[PDB]
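Asks: I'd like to ask you about the structure that follows.
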Amino acid sequence: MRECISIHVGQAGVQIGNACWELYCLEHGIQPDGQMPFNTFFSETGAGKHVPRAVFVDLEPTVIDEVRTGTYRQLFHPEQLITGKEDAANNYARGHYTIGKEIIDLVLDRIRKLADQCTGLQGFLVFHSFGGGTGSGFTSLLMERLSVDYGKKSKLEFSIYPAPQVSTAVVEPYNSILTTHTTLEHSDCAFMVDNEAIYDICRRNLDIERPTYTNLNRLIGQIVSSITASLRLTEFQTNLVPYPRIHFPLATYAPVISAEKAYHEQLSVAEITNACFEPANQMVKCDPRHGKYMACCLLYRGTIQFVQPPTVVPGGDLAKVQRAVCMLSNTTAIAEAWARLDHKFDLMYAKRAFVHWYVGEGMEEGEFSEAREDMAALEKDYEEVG
Amino acid sequence: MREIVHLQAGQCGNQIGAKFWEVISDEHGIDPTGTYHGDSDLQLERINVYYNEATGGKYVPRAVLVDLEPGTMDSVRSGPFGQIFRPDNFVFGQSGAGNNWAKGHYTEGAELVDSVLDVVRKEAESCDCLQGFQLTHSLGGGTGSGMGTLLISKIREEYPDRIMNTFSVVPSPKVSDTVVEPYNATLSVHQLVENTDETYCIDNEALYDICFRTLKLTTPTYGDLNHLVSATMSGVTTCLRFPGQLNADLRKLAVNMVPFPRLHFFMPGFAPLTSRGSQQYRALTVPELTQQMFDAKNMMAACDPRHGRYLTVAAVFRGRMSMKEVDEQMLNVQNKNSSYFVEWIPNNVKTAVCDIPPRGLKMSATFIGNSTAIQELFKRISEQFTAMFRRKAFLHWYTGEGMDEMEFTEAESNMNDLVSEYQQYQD
Amino acid sequence: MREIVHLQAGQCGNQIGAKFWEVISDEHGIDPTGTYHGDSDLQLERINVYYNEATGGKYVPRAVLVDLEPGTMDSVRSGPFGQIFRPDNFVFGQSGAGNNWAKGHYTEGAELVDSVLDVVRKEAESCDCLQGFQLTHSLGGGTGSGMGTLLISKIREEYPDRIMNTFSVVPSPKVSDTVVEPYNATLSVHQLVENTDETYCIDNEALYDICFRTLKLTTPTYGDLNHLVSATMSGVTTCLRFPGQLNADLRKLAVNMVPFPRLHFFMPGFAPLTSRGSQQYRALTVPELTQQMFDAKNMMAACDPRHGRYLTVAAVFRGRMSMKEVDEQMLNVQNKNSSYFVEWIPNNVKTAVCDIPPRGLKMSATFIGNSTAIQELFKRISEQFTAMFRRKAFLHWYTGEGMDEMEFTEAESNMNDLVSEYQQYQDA
Amino acid sequence: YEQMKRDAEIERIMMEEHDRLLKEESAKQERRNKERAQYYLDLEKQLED
Amino acid sequence: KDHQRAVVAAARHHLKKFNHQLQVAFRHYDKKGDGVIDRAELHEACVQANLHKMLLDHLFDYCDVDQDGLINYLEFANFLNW
């Protein structure tokens, strides 16, 4: 009766959600037509069918239609899968102001039915990213609507944070500063991951070259399942955050090793606890030695300056390790990542690059300055709590 | 559900356009009958973007072919893949424009401009929620460019909140065919700098040097050049048709590219190009593909990057391929080479990866460059416009039916101000 | 079992009224000898409506043929009508019509009508639930209007509660194969504005341009020209002959579609109208059928609809369609281009569907619409009179019987009174 | 092993299409040769005239 | 074509009129002669009645049953009426 409801928004959201629900139906005995040959995330029909508590939303049909046609089509109720007509064009302008008003009503109504079929509410799991248009603006609209609506029940978000050096979109600092500006207060807590740090840890811990997105989202699904494996969630919210702005913990997983080295090396509790604090094995590419740790949570499935076993995925790379630890840490290392991201925003906003699309769609020239000053306020708040 | 409506203009478009619809169609498994014969189930999923459905389970393209001599429509319809269209959509005049701006813009195209927007209307009205259009042409001739610059600007005044993609085969000066090509290209950028939301600049001189050194072909006809052009529109809207591990839409790719509005001219380029005598020896991976898509000879514009500094870069990739090898390989080209990139853009490179390659290839990509030295393609047209127009070499055949001496010099500095707008951002 | 009395008139409407019957005969299966031939029993259910039965398996029509010349009914006898109907009611003389209105109304119109009205009155008195009148005429010629208004005028004087279903090919602005067509209109406005109930106003011009652009045919003769008129008068009456998911009678289509005492001049259209090639290349299900019939391209007039509004639009449908789909798609066209319609009716259009289509087609419709765009046709015939008035240009057949220089111009005022009382409500 | 087998099949397919290219090139060359023979023939005919 | 069709219709009509003016005897005679819908037998019946033969053969083929060419015997007498 300890339920949680999952919404997966944007393309990064639905590809990490597919790997997630793969891992959960793997973890229970649920073969993926829904019938056992558990009800914290599932609802059980009287016929013997298991339906997830999940809503998928995107504005290109070509990323939901893969889920609707592929091998998980007999898992869902087929109007849980929200689908637009034109994508948000990597615009906060289009996800927030112009296109998202055709689907926000259906999103809220399916949230309303999935949150009336339950018996005790604990939180929602919103899976998103800080690059794209519907990963920023529609998530901010959904965020403000659900914090105004449901009140104090906890919303956890999982964000692919834009990397220190390498990114696909040119426009990314604009969307990231603008989404954090209005997704500070509404969300209860969100977690940071970086593609570049996951690429380096995928290069050197598990000895694979040329990784890809399924090899990343397997790791992200293992981390999320390790967070919410103590139910088969308000404690994190009253533990980690000192003040109501610093709600971005970092995460890692300690025994991420292949089978060929896992056969020789044992995994003691001491080995996995120190492997969490090694900066080579962090999963957000910041420098933690310039930071000082303000909090740690260490979930054990199965100079360091303070201020049920894991499952196995078919076609997987992480070896079967008897015990593992997921670290949900909170550091003072993100003061350099925010400085570099807001500097990347500042270079483009010195001469108004790419601004006139969002200007002609919805916002004024000072509506970016408001986000700029409200992120300078965030780095004076880390410097203040230094 | 995020659709598009194709259109044509002139002879140079119709050889590209009718080559385009035998590149999309056989990549969708569709016979020239229209009967679907395809292995995969993904193909019938997104037919609704470019096509429409006839009774019987047949598929019709969403396109209109327009020109001012009926010899160029009979050539298309008699072709191998020309029957698929609507015979009611074939629209053409009878009195030829004959490289006349004043005909194709002012008098002759104005008794076809009633008929062509109705075919634009009733075919872009069955669509549920539009994304934009397409127009394929050149900027040398009269009705391929003067009607082509009216068909944009009228359509801009009815559906102005969509994305009207266009093409442009630019007049090469050193590969020239018409004596008066400055008088038609300089009057064409005037009504096209303000009415398209993106527009490519390919030209026939660089399409020869991509075809004499990399391809090393002996005899290039006009069926192997427009094959190169129709296979780099399929790259830039594959995400609009097919899923992938990271997809960028049409309208996503507009926002990230243009720094300030008047800078929306691009430079296309197709990444794997090999001669048929040297294909087996060449290994196909991503580091051995990024060195061919940044090459100065695999660029389908006559301009050069190294006489300028880059602004933004897109690169849609296609195939089964890991994403670390995209993310850091294009860091590295950005990282070592630092002079050629601007410094108030801290990350100069986009990406997008589909899952479905072009037919018969293990791996492919498509470059989109936005250089700053493309002003050298605009300095080389204006200096061929300060010579003929100073002694008034040819004006009395265009100004005999509608314009004035002031109409050209109103639209000459409106093409010459764009050189200086690149110059202020050049350093 | 409901009925409408027919008559046939003019040289124009006789051939289209000869073209009337062959479209109806394939719907049910009356072979021209008289044997019923159709496996659908719903044809057999309403053989009363245009027809009479005969003993011996045969069947016969209900229409009486009049023209003041022999050969037109000898041309109708070259068609199947003499093969079906009684050889008594062919009422033909060899005398000269002369294409004078005053010799279609006064000399052989006067003599030869009582050998017709004694059978016009006969078929009415033989049955009980008579409801209507048909008369297939033209506004064009003198003798197609001089007898045409004669068979209307004196008959509402003793049958005053009827569905009068005329036809009138109007004087075209450009196509003119007769130099006396500007005169024969204003004579036919003295009576037929008051004494009609529905009128199929067509012209010769607009039946070519449908055949030029849309049909992509290169020869409209007078032979196949009539299917643009003959097939679309059969759309209205399939409520009577045949069942449906809704039903609208031609007393109901008098109620629903005529809003005013005198505004009942109509303009039809048939829905799967296309060329040979484009029909594979265009889908026409209900989502595309409505976008065709409301073009400026399937009209039976040359007037400009964007120089007007639409007062009362109806459409009778024919086939197995979802009524959600018709109600939604009519709502879109009613709202998208909503500035076409007038501000009087809140729901400016009207629909009615059935369950029987024509032959060889999955689906059709039959759009008949009372626009207000036809108002600038009226200025033309005032202009085509006023040039032929200061000259008295042809008045030596009409002055032979006698209509003076005032008796024309007090009916010319009447044409303006068909505009003036229309103009009083044209704006505020 | 499955990925290796797929690699071998796809490589054999591409070498088949290259062999097709070789055969069509030889056909085009023989077509050019027969055009040259035809030109020689009717030039000799004109000399006889 | 439609005109010749109406001509054949009127011909069969006058044939039925003569049938009224016996029916069984005529049917038996036709069956014993050439063929129930034989074009040659058709032309004989023509001569007789008095319906003065390419068009006559065409009408016979029209009446002749598809493939059967006997107008379905019983239906052949039926058309002789019609």
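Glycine gets a Cβ as well: all are built from the backbone with ideal geometry, and neighbour counts include every protein chain shown. Taken together, the values in this text are just the output of simple stated rules run on the coordinates, not laboratory data.
Asks: Using a Gaussian network for chain B with springs between C-alpha atoms less than 10 Å apart, which of these wobbles most: B:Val49, B:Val179, B:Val333?
Replies: B:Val179
Asks: Run the simple label-point estimate for C:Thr178 and C:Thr35 please: 7 Å along Cα→C-beta, distance reported in nm.
Replies: 4.1
Asks: Taking just the alpha-carbon atoms of the range C:147-218, what radius of gyration and Dmax come out, in angstrom?
Replies: So, for the range C:147-218, Rg and Dmax equal 15.5, 48 Å respectively.
Asks: Taking every DSSP beta bridge with both residues inside chain C, roughly what % is antiparallel (nearest 5)?
Replies: If I count the DSSP bridges inside chain C, around 30 percent turn out antiparallel.
Asks: Right, here's the next one. Which shape class, rounded, prolate or oblate, goes with chain B when its Cα gyration tensor gives a ≥ b ≥ c as root eigenvalues, a/c under 1.5 marks rounded, and past that a/b bigger than b/c marks prolate?
Replies: Oblate.
Asks: So if we plug the beta-carbon distance of A:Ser268 and B:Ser338 into 1/(1 + (r/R0)^6) with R0 = 56 Å, what FRET efficiency do we get, rounded to 0.05?
Replies: Here the calculated transfer efficiency is 0.75.
Asks: Run the quick spin-label model on E:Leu74 and C:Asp88: label points 7 Å from Cα toward the beta carbon, then report their separation in nm to one decimal.
Replies: Spacing of the two 7 Å Cα→Cβ label points: 3.7 nm.
Asks: Another question, if that's okay. Based on the mean of other Cβ atoms within 10 Å per residue, sort peptides A:6-12, C:287-293, C:315-321 so the most packed one is first. Kindly include the intermediate steps, with their values, before the conclusion.
Replies: Values: A:6-12: 26.7, C:287-293: 18.3, C:315-321: 21.4.
Going from most to least packed, we get A:6-12, C:315-321, C:287-293.
Asks: P(r) of the range B:265-374 in 5 Å steps, Cα pairs, percent per bin?
Replies: 2, 11, 22, 25, 19, 12, 7, 1, 0
Asks: Within a 10 angstrom radius of each residue's Cβ in B:81-92, how many Cβ atoms of other chains show up on average? Whole number is fine.
Replies: Partner Cβ neighbours, averaged per residue: 3.
Asks: When Cβ neighbours within 10 Å are restricted to other protein chains, what is their mean count per residue of peptide A:210-220?
Replies: If you average over the peptide's residues, the count of other-chain Cβ atoms is 4.
Asks: Okay, moving on. For chain D, take the convex hull of the Cα atoms, compute a quarter of its surface area, and give me that in nm², please. Walk me through the intermediate numbers first.
Replies: Working: hull surface 10.6 nm².
With every direction weighted equally, the projected area is 2.6 nm².
Asks: Take each of the peptides A:147-154, A:331-338, average the number of other beta-carbon atoms within 10 Å over its residues, and list them starting from the highest. Could you put the intermediate results ahead of the total?
Replies: Values: A:147-154: 13.5, A:331-338: 19.8.
Result, highest mean Cβ count within 10 Å first: A:331-338, A:147-154.
Asks: Follow-up. Using the Karplus equation 6.51 cos²θ - 1.76 cosθ + 1.60 (θ = phi - 60°), what ³J(HN,Hα) coupling, rounded to whole Hz, does each residue of the range C:394-404 give in order, writing x for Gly and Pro?
Replies: Once θ is set to phi - 60°, the couplings for the range C:394-404 become 10, 7, 9, 9, 6, 6, x, 6, x, 9, 7 Hz.
Asks: Assuming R0 = 56 Å, can you tell me the calculated FRET efficiency for the pair C:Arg162 and B:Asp128, based on Cβ-Cβ distance, to the nearest 0.05?
Replies: 0.70
Asks: How big is the charge dipole of the range B:3-257 about its Cα centre, in debye rounded to the nearest 20, if each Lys and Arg gets +1 on its Cβ and each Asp and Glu gets -1 on its Cβ? Spell out each step's value before the answer.
Replies: Values: 18 positive and 33 negative charges, 65 e Å.
Using Cβ point charges on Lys, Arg, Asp and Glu, the range B:3-257 gives about 320 debye.
Asks: Give B:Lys103/C:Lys336; A:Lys85/A:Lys285; B:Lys362/D:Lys5; C:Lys19/C:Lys122; A:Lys101/A:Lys155; A:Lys351/B:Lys252 a once-over and call out the pairs whose C-alpha atoms are over 26 Å from each other.
Replies: Pairs exceeding 26 Å: B:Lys103/C:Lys336; A:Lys85/A:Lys285.
Asks: Next question, about the same structure. Take the alpha-carbon centre of the range D:34-49, take the same for the range A:116-143, and report the distance between them in whole Å.
Replies: 82
Asks: Starting from one equal scatterer on each C-alpha and no solvent at all, send me the Debye-based log10 I(q)/I(0) for the range C:59-169 at q = 0.14, 0.16 Å⁻¹, two decimals.
Replies: The Debye formula, applied to the Cα set alone, gives -0.58, -0.76.
Asks: With the crude spin-label approximation of a point 7 Å out along Cα→Cβ, what separation in nm comes out for C:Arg359 versus A:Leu108?
Replies: In this crude label model, C:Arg359 to A:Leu108 measures out at 5.9 nm.
Asks: Below 17 Å, Cα to Cα, which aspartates and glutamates can B:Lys379 reach? Residues fewer than 8 away in the same chain don't count.
Replies: In chain and number order, the partners are B:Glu181, B:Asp203, B:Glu205, B:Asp304, B:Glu412, B:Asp417, B:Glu421.
Asks: Based on the Cβ-Cβ distance of C:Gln291 and C:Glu421, what FRET efficiency does E = 1/(1 + (r/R0)^6) give at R0 = 30 Å, to the nearest 0.05?
Replies: That gives a FRET efficiency of 0.30.
Asks: Evaluate the Kirkwood expression for the hydrodynamic radius of the range C:3-257, namely the inverse of the mean inverse distance over all pairs of different C-alpha atoms, and round to one decimal in Å.
Replies: Answer for the range C:3-257: a Kirkwood hydrodynamic radius of 18.9 Å.
Asks: Using only the alpha-carbon atoms of chain E as identical scatterers, what base-10 log of I(q)/I(0) does the Debye formula give at q = 0.11, 0.12, 0.18 Å⁻¹?
Replies: Rounded to two decimals, the profile gives -0.24, -0.28, -0.66.
Asks: On to the next question. Using bins 10 angstrom wide from zero, how does P(r) for the range A:71-161 break down, in % of all Cα pairs?
Replies: All Cα pairs considered, the percentages come to 15, 44, 36, 6.
Asks: On to the next question. Of the beta bridges DSSP finds with both residues in the range B:265-374, what % are antiparallel, to the nearest 5?
Replies: Around 75 percent of the beta bridges assigned by DSSP in the range B:265-374 are antiparallel ones.
Asks: Given the C-alpha centroids of the range B:1-55 and the range A:275-318, what is the distance between them in whole angstrom?
Replies: 50
Asks: Could you give the alpha-carbon Rg of the protein assembly as shown over 2.2 N^0.38 Å, rounded to two decimals?
Replies: Ratio of Cα Rg to 2.2 N^0.38 Å: 1.18.
Asks: Indicate, rounded to the nearest 5 percent, the antiparallel portion of the DSSP beta bridges found entirely in the protein assembly as shown.
Replies: Given both bridge residues lie in the protein assembly as shown, the antiparallel proportion sits at roughly 40 percent.
Asks: If we sort A:65-72, A:308-315 on the protection proxy, mean other Cβ atoms within 10 Å, highest first, what's the order? Working shown, then result.
Replies: Working: A:65-72: 15.4, A:308-315: 13.1.
Highest to lowest by the protection proxy: A:65-72, A:308-315.
Asks: Using only atoms on other chains, find how many Cβ atoms lie within 10 Å of each Cβ of peptide B:330-340 and report the average.
Replies: 1
Asks: Let me ask something else about it. Return one quarter of the surface area of the convex hull spanned by the alpha-carbon atoms of the range A:334-386, equal to its mean projected area, in nm².
Replies: Details: hull surface 15.4 nm².
Averaged projected hull area, Cα only: 3.8 nm².
Asks: A further question follows. Is the range A:120-223 best put as rounded, prolate or oblate by its Cα gyration tensor, with a ≥ b ≥ c the root eigenvalues, rounded for a/c under 1.5, and otherwise prolate when a/b is larger than b/c, oblate when not? Numbers along the way, then the final one.
Replies: Working: a/c = 3.02, a/b = 1.58, b/c = 1.91.
Judged from the Cα gyration tensor, the range A:120-223 comes out oblate (a/c at least 1.5, b/c at or above a/b).
Asks: What is chain A by shape, rounded, prolate or oblate, if you read a ≥ b ≥ c off the alpha carbon gyration tensor as root eigenvalues and call it rounded for a/c under 1.5, prolate for a/b larger than b/c, and oblate otherwise? Before the final figure, lay out the partial values.
Replies: Values: a/c = 1.56, a/b = 1.08, b/c = 1.45.
Cα axes put chain A in the oblate bin.
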